């Protein structure tokens, strides 16, 4: 029994092997630091409405996938309080633009694990049974146990959502795809610091017959999810 989600450039997953047991949702970096007042992204002066836009669509996808027993994974980008996992270049760049990782702000130390700004927003909070990946980079595979977790759960398909489209979401999709995972990006469930870069990161997926996977949207996914 095959099932597909209408998607561009091909119906997804490629082979129609779409089941709760072999499919995970990943919700990438929906943290106050990336989409809320007083955090990292706000300190850089970007338009928060672009990264808040995906909240309600993700909420709908999350509710549907929880109700149908799909695996749910959440990521949080951040650093130990001792900053041992913070590259010096990453830190310096953030300080140069007045959004220093580990520096005090209105929601605590920016992008620092255990601080209020770093946590996942309440609207998309994890519940019992859902894996949280704490990552020190943009890619969710680099220096984490995500791959190990996917393999123990025998996950083949990944549905990607979160922020930002062109940074953590795209990097995560590229890493997953290289390792053979079959990935669907939900375009209304991501957002970026620049709308043009958001659209372009989406278009990049579709080139060469779906070089990184395929693209769909929250309504299409929720309507056809088995």
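Residue numbers count along the first chain shown, from 1.
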Report summary line: Assert higher mean C-alpha B factor (142 to 150 or 113 to 121, deposited values) equals 113 to 121
Requested in this report: Would you mind comparing 37 to 45 and 184 to 192 for me and telling me which has the higher average C-alpha temperature factor in the entry?
Outcome: 37 to 45
Query raised in the report: Looking at 200, 158, 169, 63, which has the highest Cα B-factor in the entry?
Result: 63
Requested in this report: Tell me, please, which of 87, 100, 78, 105 has the highest C-alpha B factor according to the deposited entry?
Outcome: 105
Report summary line: The third of the chain into which the C-alpha temperature factor of residue 96 falls is the middle
**Report entry** Among modelled residues of the same chain, the CA temperature factor third for residue 69
**Finding:** highest
Requested in this report: Sorting the chain's modelled residues by C-alpha B-factor, tell me whether residue 53 ends up in the lowest, middle or highest third.
Outcome: highest
